[PDB]
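Letter by letter, the chains look like this.
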Amino acid sequence: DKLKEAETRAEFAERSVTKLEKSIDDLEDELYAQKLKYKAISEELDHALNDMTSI
Amino acid sequence: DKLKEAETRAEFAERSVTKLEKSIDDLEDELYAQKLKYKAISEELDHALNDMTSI
Amino acid sequence: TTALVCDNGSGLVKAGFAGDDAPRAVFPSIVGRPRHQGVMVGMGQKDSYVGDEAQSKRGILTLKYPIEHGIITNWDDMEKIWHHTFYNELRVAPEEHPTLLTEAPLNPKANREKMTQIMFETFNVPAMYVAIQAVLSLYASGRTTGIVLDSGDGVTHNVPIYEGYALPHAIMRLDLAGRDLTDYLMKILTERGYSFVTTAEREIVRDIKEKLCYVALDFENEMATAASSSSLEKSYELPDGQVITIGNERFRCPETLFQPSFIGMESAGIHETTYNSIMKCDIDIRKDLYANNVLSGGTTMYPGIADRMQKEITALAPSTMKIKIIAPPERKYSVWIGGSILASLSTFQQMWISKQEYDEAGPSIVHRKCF
Amino acid sequence: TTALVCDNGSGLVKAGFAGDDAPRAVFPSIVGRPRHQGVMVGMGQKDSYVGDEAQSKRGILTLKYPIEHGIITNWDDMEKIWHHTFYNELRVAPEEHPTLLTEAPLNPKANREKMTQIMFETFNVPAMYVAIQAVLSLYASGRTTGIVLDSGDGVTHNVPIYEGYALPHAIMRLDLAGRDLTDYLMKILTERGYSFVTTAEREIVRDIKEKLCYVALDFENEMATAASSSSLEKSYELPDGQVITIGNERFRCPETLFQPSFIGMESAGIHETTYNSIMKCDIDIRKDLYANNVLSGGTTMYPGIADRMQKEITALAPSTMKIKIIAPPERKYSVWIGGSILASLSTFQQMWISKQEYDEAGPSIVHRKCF
Amino acid sequence: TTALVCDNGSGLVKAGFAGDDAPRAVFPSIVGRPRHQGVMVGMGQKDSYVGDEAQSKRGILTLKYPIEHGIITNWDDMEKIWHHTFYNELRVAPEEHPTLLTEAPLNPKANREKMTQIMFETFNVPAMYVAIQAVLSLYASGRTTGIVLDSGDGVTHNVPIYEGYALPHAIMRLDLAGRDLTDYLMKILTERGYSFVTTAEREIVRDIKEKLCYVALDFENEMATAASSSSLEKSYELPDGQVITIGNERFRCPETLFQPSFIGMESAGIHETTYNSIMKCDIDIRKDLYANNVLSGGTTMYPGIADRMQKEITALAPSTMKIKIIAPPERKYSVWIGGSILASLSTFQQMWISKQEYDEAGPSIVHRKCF
Ligand SMILES: Nc1ncnc2c1ncn2[C@@H]1O[C@H](COP(=O)(O)OP(=O)(O)O)[C@@H](O)[C@H]1O
Ligand SMILES: Nc1ncnc2c1ncn2[C@@H]1O[C@H](COP(=O)(O)OP(=O)(O)O)[C@@H](O)[C@H]1O
Ligand SMILES: Nc1ncnc2c1ncn2[C@@H]1O[C@H](COP(=O)(O)OP(=O)(O)O)[C@@H](O)[C@H]1O
Ligand SMILES: [Mg+2]
Ligand SMILES: [Mg+2]
Ligand SMILES: [Mg+2]
């Protein structure tokens, strides 16, 4: 009875964590790719102004 | 009993779900903030070029 | 004194004193007269078993819900249900307690007026107030904006709210809900041989729906998988043995929510009436409504609905907006928790419809300033 | 003590203490009452959001500017705007600070008298002075001659000045300004399918106008080019997604300045009212006015206007005179910078309208020697 | 030969040969695919019933209008409607007849260009011309001045004209029309218990609106009277029995025209957009426009609107001017009668867009001199 409830609850519990794990790692990778994009865009005109610093 | 060996897991996935949900909520929010900042920087560059457009 | 936060609902009456976390007494709202003759003398057989008592003697009763779709169709039975709720499940006389009923949006006026007239004349409460079932569910989430989809058992309604200002022109009320899903499940079970007809066996089909059905993330792929493998067939033991095996009826019953053409309804699913309700709003509050979509009500407890709905809305919505679906674990009692919070507020303490006010203006007071 | 250099304007209120470079607080001058009903209790909902607060809740408000064309049409709202400006954006009580308002030329007297009466009775300032919005813009350029075209958002006026002696018979005030350009842009956007109607969406159209529109150097060539190629179509993302693409609406919206026949106005463009304003002046100061044409005001910030205007005037003017158009990068706040400079002068310190003087002659003191 | 005066409209397509008094064939513009399965074989079931045929089989169809607000949203269905109109309701091949379509003011260009491209490529007419729906309604009245309020079923627009010279800067187009009134009536009927949801039952609600609703002369007095007596409750028999009784829903449905805040629209009613459209005109033609206010379009057929509108405008307008509202009994077909008159003129015979001209300049010819 309640045993069956426990089995069902535990079995469904494992479902949510594992599926979310892949999404979490994909989010991390996409975040890092975008941050690298911005950093690459950041330093270029930064150095351009460094050259343009007082001409 | 056989109840506890699963109820242990039943409660166990609760904190798992909480951590995953708060982490993913923060991840999406900061990702969107980064995307907005990158969009702002790109628009800044392009429209700064076009506001110049020779004088 | 303390306020009574009753919540009539349609399918489960939830009640309890204001200021707690969960309703004190939750029991089905069914009133069933016996139908056979009865030969034992002096057995103490009553003429109508209401509430949770008629879910144990349902073998010889004819259960009939007194609330069809939000509206109340049988006032005597509803009065009986209220009397039971006050006197036996809470054991507090109503002469010393304010009450806070709840009502679906866009309901007939006469229903609300009769409700207040009953509460003031028969039970003789000190003061009662009627609130829309979606604003409470928004209270419980601790938000102040957001568009709430409250898919109960009687009627599914979708009230958008921004900064506390409700948008009356964007409420989309649809009459598909848990009861129609129960009937459709009972109708598709006949494709394997299991026939449930009696009004008592509708409860068994409801239990099957609650324990087994789930919402598929992608419908066609699930239909193809269930037709080749057999990894989905879950079995269930009836109240007398003779286990049954549910195949692809598992995700076809709750799929009716997203394709109301299954039960012959014309309208669009709950995935598209939310987007339509958003698009009727102004152009500057659509981002906030997109980000704060709230789910409530019992029928939104299907395993896997918070992902299907998000996928559908993301397909419909513009690609830039972020779509987030708030699905708290305490979904079923969200309306009642919100009702408790609202009744516990100090600012709200002067909005009750005091009895002297009703005596001066009649039952039509509810449509007036005291909403 | 320090003086408060307020500048009512029409569209953006700019204020700050005298002696700085830029206004301290710049915020739209709109007062918007909520229009929906509001169901959340205790949310702390106010009855009117003014200033920059109503540009964030504009989804459920009905914004309405209190200044139509220079003149003030709704005195209660203007008083509310001033109260907000003094107490919340600067946080300095007006009981201890002189004020220097600004007013367009050729405005009704009653407007100015009511302004001074409010400043002396409600806010109870020590002394206030009203100055013409063009003389300040001439101060900021550091000149002492020149004809200044101050194309604000409410009204465009063109005051010629020589050697510090203003020429009152040569002021040409025209009521086409930024607001009419916003309305015309909102009206021509409908030719592609985008319909903006609500008073909140006027702000979105204003943002489109600010970020995308530009003044064409030659109108017919641009109309021909935009009708063949597609190098002009710039896209823009609404506050909810659904990007839009503006074609030849880009340079047709601000072209109305040079051809007021587009919005049905009879008068000549800003390129020809300047030449007419010059020709009314004496024959010996026309060279100096030709060489020192000054631009100011917000609406003169369109990319490419300082060349179109110079080309037009060079076409109209005699071939020998040199036409030069002063377009400082700090055009928008030019009037306020000039106001700060004027308030910081020692020679000006005895021109204020002291309160005892107002008590002796009434509000009609402003038209007297203290101008 | 004779010209075909078609008039697409939105809700009723009206067509007929030029030179008559009334359109030859008037039928709703709806195209409804069947939605159920269909078991009888050989019954001759088509795939889409258009026009008046789908108002008789509407019990098993899903009717959908191809024109939303003036603009056309579904070009295939509109092509089907035109094909039906030409071949079955008039039975004249289009290869031998000029056509005169009608279009609302301020509509997207692409709609008009696609319309002319269809008429020239698919139906292959000899020559077609597109005219603004308000100038025709002014033709039919036999006037040459006046400001015409053409409140159709899709969109309400208000074009002022003087001495034959239209004023393009004073056209006020508002998107509230008969369809929104039908939806609002269907939404307020739910306050008594009657729920109409299906797209077929929208037609029943439209019939209720046409036969029962009327515009109140004074709104508050009617609201007070209907809440005390019962002299207003008129009953109506549904297509299956079960008569319904409409109370104060009678004059609340068409009141939305004068208070568009009921359906959440911000703008002002049709009583105040006419006055605003007049005030944008020049100061010397306002008396003539005041005296020659013209009503047209279907939705202006409510019993008692020509008095309410006159009372409202007289309240707004200066007391000296005389306010007169022309409301001919043939209001519904006024646009088509005017179209027939215009097509029958000899002076107009050289304004058609001849096919060789289209072949030389493409579909963009319509915006050119041949307007
Ligand atoms: N765990 C569950 N899984 C699936 N469906 C459920 C679950 N719990 C309740 N339901 C459905 O929801 C209904 C109860 O909804 P409820 O929120 O009580 O309605 P009301 O708004 O009238 O209170 C039941 O009839 C049942 O069909
Ligand atoms: N960068 C810009 N480009 C184009 N137009 C602008 C820009 N900034 C402001 N405007 C226009 O100018 C108006 C503001 O003018 P402003 O000088 O503030 O008027 P006021 O004289 O009342 O202060 C705005 O309504 C806007 O339409
Ligand atoms: N007798 C009437 N009383 C009230 N409303 C009417 C009447 N006749 C038509 N209407 C409304 O007007 C609409 C028809 O308007 P119509 O002039 O045909 O539009 P269009 O300009 O597209 O032809 C119908 O949808 C109906 O709602
Ligand atoms: Mg509920
Ligand atoms: Mg200014
Ligand atoms: Mg029409």
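Method-wise, the PDB entry is recorded as coming from cryo-EM, at a reported resolution of 3.5 Å.

(A) Examining the overall build of chain A more closely. The secondary structure content of chain A amounts to 1 helix and 0 strands. Expected size for 55 residues packed as a compact globule is a radius of gyration near 10 Å; at 24 Å, chain A overshoots this value by more than 25%. In terms of overall dimensions, chain A has a C-alpha envelope of 80 × 15 × 5 Å along the principal axes. Charge centroids of chain A, computed over 9 positive and 15 negative side chains, lie 8 Å from each other.

(B) The arrangement of helix α11 (residues 334-343) of chain D in detail. All names here are of chain D. The buried fraction of α11 amounts to 9 of the 10 residues, a majority that puts the element mostly inside the structure. All buried positions along α11 are accounted for by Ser334, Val335, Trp336, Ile337, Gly338, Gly339, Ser340, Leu342 and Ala343. Buried residues belonging to α11 abut β1 (13-15), β6 (99-103), α3 (133-140), β8 (146-151) and β14 (293-296).

(C) Examining the site of ligand 2 more closely. Residues and elements named next belong to chain D. Neighbouring ligand 2 are 15 residues; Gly9, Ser10, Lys14, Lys209 and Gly298 lie closest to it. Between ligand 2 and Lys14 there is a distance of 3.0 Å, counted from an oxygen atom to a side-chain nitrogen or oxygen. Contact distances for ligand 2 include 3.2 Å between a nitrogen atom and a side-chain N or O atom of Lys332. Protein contact buries 91% of the 570 Å² of open area that ligand 2 shows by itself. Per element, the largest residue contribution to the shell around ligand 2 is 3 residues, and it comes from helix α5 (residues 201-212). Taken together, the residues of the shell around ligand 2 break down into 3 nonpolar, 6 polar and 6 charged.

(D) How the structure looks around the relation of the copies chain D and chain E. With an axial shift of 28 Å and an RMSD of 0.0 Å, the rotation relating chain D to chain E amounts to 167°. Looking at the interface residues of chain D, only 8% of them are also at the interface in chain E, so each copy uses its own face.

(E) Seen up close, the nonpolar core. If you look at the biggest cluster of nonpolar residues, it comprises 50 residues, and the most contacted ones within it are C:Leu185, C:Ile208, C:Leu257 and C:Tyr290. Examining the composition of this core, we find that 5 residues originate from one element, helix α4 (residues 178-188) of chain C, more than from any other. When sequence neighbours within four positions are dropped, the list of residues in contact with C:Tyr290 reads C:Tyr275, C:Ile278, C:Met279, C:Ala317, C:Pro318, C:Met321, C:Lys322, C:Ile323 and C:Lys324. If you look at the next biggest cluster of nonpolar residues, it comprises 43 residues, including D:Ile204, D:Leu238, D:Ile285 and D:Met309.

(F) Structural detail: the pairing of strand β12 (residues 234-238) of chain D. All names here are of chain D. One ladder, built from 4 bridges, connects β12 with strand β13 (residues 241-246); its direction is antiparallel. The partner of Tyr236 across the bridge, within β13, is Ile244. Adjacent in sequence and paired antiparallel, β12 and β13 are bridged by 2 residues.

(G) Just the packing of helix α3 (residues 133-140) of chain C against helix α11 (residues 334-343) of chain C, in detail. Residue and element names in this part refer to chain C. At a closest axis distance of 7 Å, the pairing of α3 and α11 adopts a crossing angle of 80°. In terms of their interaxial angle, α3 and α11 are classed as roughly perpendicular. In contact with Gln133, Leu136, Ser137, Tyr139 and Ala140 of α3, α11 contributes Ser334, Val335, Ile337, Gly338, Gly339 and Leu342. A class-by-class count of the residues in the contact of α3 with α11 yields 6 nonpolar, 5 polar and no charged.

(H) Broad picture of the site of ligand 1. All names here are of chain C. Lining the immediate surroundings of ligand 1 are 15 residues, of which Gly9, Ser10, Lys14, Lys209 and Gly298 lie closest. Here an oxygen atom of ligand 1 sits 2.3 Å away from a polar atom, N or O, in the main chain of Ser10. Measuring from an oxygen atom of ligand 1, one finds a backbone N or O atom of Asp153 at 3.4 Å. Against a free-state accessible area of 570 Å², the protein chains account for coverage of 91% of ligand 1. In terms of residue count, helix α5 (residues 201-212) provides more of the shell around ligand 1 than any other element does, 3 residues in total. Classifying every residue of the shell around ligand 1 gives 3 nonpolar, 6 polar and 6 charged.

(I) Main features of the interface of chain D and chain C. At the junction of the two partners, chain D supplies 28 residues and chain C supplies 26 residues. Taken as a group, D:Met40, D:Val41 and D:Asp240 account for 29% of the area that chain D buries against chain C, more than any other trio of residues on that side. Taken together, the connections running from chain D to chain C amount to 3 salt bridges. Connecting chain D to chain C are 5 residue pairs in polar contact. Those elements giving two or more residues to the side of chain D that touches chain C turn out to be α5, β12 and β13 of chain D. Classifying every residue of the side of chain D that touches chain C gives 12 nonpolar, 9 polar and 7 charged.

(J) Expanded view of the side chain of D:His271. All names here are of chain D. By the secondary structure assignment, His271 is in helix α8 (residues 270-279). Overall, the relative accessible area of 11% leaves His271 in the buried class. Other than its neighbours up to four places away in sequence, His271 contacts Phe258, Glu312, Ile313 and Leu316.

(K) Here's a closer look at the packing of helix α1 (residues 2-52) of chain A against helix α1 (residues 4-52) of chain B. Between α1(A) and α1(B), the least distance of the axes is 8 Å, while the angle of their chain directions is 20°. By the criterion of interaxial angle, the relationship of α1(A) to α1(B) is roughly parallel. The element α1(A) and its partner α1(B) pack so that their crossing is left-handed. Here the contact of α1(A) with α1(B) is composed, by residue class, of 22 nonpolar, 5 polar and 11 charged.

(L) The arrangement of a negative patch on the surface in detail. Residue and element names in this part refer to chain A. A surface patch of like charges, here negative, comprises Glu21, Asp25, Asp26, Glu28, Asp29 and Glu30. Following the sequence through the fold, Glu30 ends up in helix α1. The class for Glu30 is partly exposed, based on a relative accessible area of 37%.

(M) Expanded view of the interface of chain D and chain E. Contacts between the two partners involve 12 residues from chain D and, on the opposite side, 9 residues from chain E. Note on chain D versus chain E: buried area summed over both sides is about 770 Å², and carbon and sulfur give 47% of it. Per-residue buried area on chain D facing chain E is highest for D:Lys187, D:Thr190 and D:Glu191; these three make up 54% of the total on that side. Linking chain D to chain E there are 1 salt bridge. Residue D:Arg35 pairs with E:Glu266 through a salt bridge whose shortest N-O separation is 2.4 Å. At the boundary of chain D with chain E, the tally comes to 4 residue pairs in polar contact. Along the lines of polarity and charge, the residues of the side of chain D that touches chain E split into 2 nonpolar, 6 polar and 4 charged.

(N) Highlighting the UniProt feature "binding site: ADP 2" (unreviewed entry) in chain C. Residues and elements named next belong to chain C. Under the UniProt annotation, the feature "binding site: ADP 2" (unreviewed entry) is placed at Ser10, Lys14, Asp153, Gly298, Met301 and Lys332. With respect to the helices, strands and loops of the structure, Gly298 is situated in the loop between β14 (293-296) and α10 (305-316). Residue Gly298 is classed as partly exposed on the basis of its relative accessible area, which comes to 31%. Apart from the residues within four sequence positions on either side, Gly298 is in contact with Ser151, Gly152 and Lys332. Inspection of the secondary structure puts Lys332 in the loop between β15 (325-326) and α11.

(O) Representation of unusual backbone geometry in the model. Backbone geometry places A:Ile55, a non-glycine residue, at a positive phi of 65°. A relative accessible area of 76% places A:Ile55 in the exposed class. Of note in this structure, E:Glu163 is not a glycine but carries a positive phi near 50°. By secondary structure assignment, the location of E:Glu163 is in the loop between β9 (156-162) and β10 (165-166).

Rules behind the numbers
- Residues numbered from 1 in each chain as written, not as in the entry; some residues may be left out.
- Chains lettered and ligands numbered in written order.
- Part of a larger assembly, values for the part shown.
- Heavy atoms only, no water.
- Helix = DSSP H or I, 4+ residues; strand = E, 2+ residues; numbered from the N terminus.
- Rg over C-alpha atoms; globule rule 2.2 N^0.38 Å.
- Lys, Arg positive; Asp, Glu negative; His and termini not counted.
- Charge placed at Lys NZ, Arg CZ, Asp CG, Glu CD.
- Buried < 20%, exposed > 50% of the residue type's maximum accessible area, 1.4 Å probe, protein only.
- Contact = heavy atoms within 4.5 Å.
- Near = heavy atom within 4 Å.
- Polar contact = N/O pair within 3.5 Å; in protein donor to acceptor, adjacent residues only side chain to side chain.
- Areas by Shrake-Rupley, 256 points an atom, 1.4 Å probe, with all protein chains shown as cover.
- Nonpolar A, V, L, I, M, F, W, Y, C, P; charged D, E, K, R; others polar.
- Least-squares fit on C-alpha atoms.
- Core = buried A, V, L, I, M, F, W, Y, C linked by side-chain atoms within 4.5 Å.
- Pairing = 2+ DSSP bridges.
- Axes fitted to C-alpha atoms, helices over the stretch in contact; angles between N-to-C directions.
- Parallel < 35°, antiparallel > 145°, perpendicular 65-115°, else oblique.
- Buried area = accessible area lost by both parts, 1.4 Å probe.
- Salt bridge = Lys/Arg side-chain N within 4 Å of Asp/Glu carboxyl O.
- Left-handed = near helix turned anticlockwise from the far one by under 90°.
- Patch = residues over 30% accessible without salt bridge, like charges linked within 9 Å, V, L, I, M, F, W, Y side chains within 5 Å.
- UniProt positions renumbered as here; feature names shortened; annotations may be inferred.

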